[PDB]
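In the block that follows, a single chain appears as structure tokens, in the form deposited in one PDB entry.
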């Protein structure tokens, strides 16, 4: 079993939502990332457009700017009514702009002393007459571009709102996909739990199974949210960023691409150290909580035996270790995480400065400050998800193991295939043919158990603890297979019918009457909804005092939300009896074992058994050997064997085990 394979299999379901989310994310990323491209075109074509050559043209020409009395038009807006007729430039020296009304070939270090602009470039070029542009004249060289400025600003906002809508759509659809995948997984897990044999439940605490069904599914949901909202989202965001970087400038694009190894190595190291530190911290915190719990519980003997100093010393040892590892984790997060992000950011700034300074030194007119701005913005966007990515990558392990557990549950093979309710009454005749039941293996809890229960009810299985009385109950309901012999109902083998068919013939009452949260009527009916308001069967059980205390148990009273704690101990048994009677089972099995019978209430239980045992084939595992004085066929179980197959009177005449267990009571 591979966790990744199963996760991908469950994700392939709902692939429409995943595909739609991916597409919406792609479109939103495209818009967001083309934003800064708009900014780099704004800076270059419009603000820095002044650096391009200017050619004199008539005032008739549009996009023409008057300098003193002569109109010029830029090389980009230039047309071919006049070839050159002029060649002017607007150079920059310090914070001032200088108009040069002459053709200039080279470029480089610009100096203006006496209105003679000189470009050195290691050549001294020539001294060109230059005129300061002041501020009004200079702005008049930007008015032509003000309209393109406004146009490009507007495009930015439209794409911004577009990306907003698509970001919301993709995030919501990813969340929907995660939640629906997890819902399907939970449905599968519970459906499987309905097919697991009772051995699995018996050999595994209920809380652990519940955590597997519910908690681990939430862990897998968090894993899906991480994979989608962090790894897929960031992967697409960075792929788009690198596409934009390459479209802007390839040379720096390669350098920026050279950080992905920096992310991989950082992620590996941080995972290595943070997983260890978190494991130690979590284990120590679990130990601390366990110590606090086992100290608050049982504190009376701690104080009475003057152990306070020693327990405090142990708790402080755990606390000091926890402090040590938390400080180690803080040290790792200080040497990595945001600090390293800022270090890499400053390194990126230095790389940009180096590259563009080398470009400007050659004086090839390739400064391209717009590319610099776009690279700054993109790289700044690229350093946002680094910390989240590394944290999630380190944290993946817990959800991975949770998924492993859930899929180990799902991939269980030893499951029961059934689901056929019975179509005819049992007729009440259950027989055993030398059944030999062994729980684990070899060791036998029942040895050649053989008995027949006619339609007459009240068969008693009574004996000292460890005699295998409750094992019969397990065999009857096919909770565990006999492994030998046979069990028959009305001459039909119990191992030749569906478990659901067999359990439709019989009803069960146990020592701890289960009181499912809800209404008393729903608890008596097991929220079946397939029966009407016939809970007067409850009244038939002689519950005439409890149902008038408040409201009405027939789907109108809801006191069972407390697990039956508030209701008297005998009343819970009197609800379970009502449930057993409502379903009208042919064979009633009654596993009763309570040393603290809670006298003054158990009487009603006997009364209840007189109303439910009649017209059935009842098995009573009750102790106390006094409620079965009318049993049609008593049975005494010793060492997993029916040693004295007799009656209340016949056994008394023959003395023996039953006589002893009756005289000693």
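Positions refer to the first chain, counted from 1. Rigid core: the largest C-alpha set superposing within 1.5 Å between the two forms.
From this point on, the text means the form deposited in another entry, which you will not see here.
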- Which residue in 401, 539, 376, 93 stands out, with a C-alpha shift of 2 Å or more between the shown form and the other one when both forms are set on the rigid core? 539
- Taking the rigid core as the superposition reference, indicate whether the CA of residue 79 shifts 2 angstroms or more between the shown form and the other one. yes
- Exceeds or equals 2 Å, Cα of residue 365 between the shown form and the other one, core fit: yes
- Query: Does residue 61 count as moved between the shown form and the other one, where moved means a C-alpha shift of 2 angstroms or more after fitting the rigid core?
  - Reply: yes
- Indicate closer or farther: the Cα atoms of residue 619 and residue 537, in the other form, relative to the displayed form, with a change of 3 Å or more. farther
- Message: Please check whether, in the other form, the CA atoms of residue 53 and residue 60 lie closer or farther apart than here, given a change of 3 Å or more.
- Response: closer
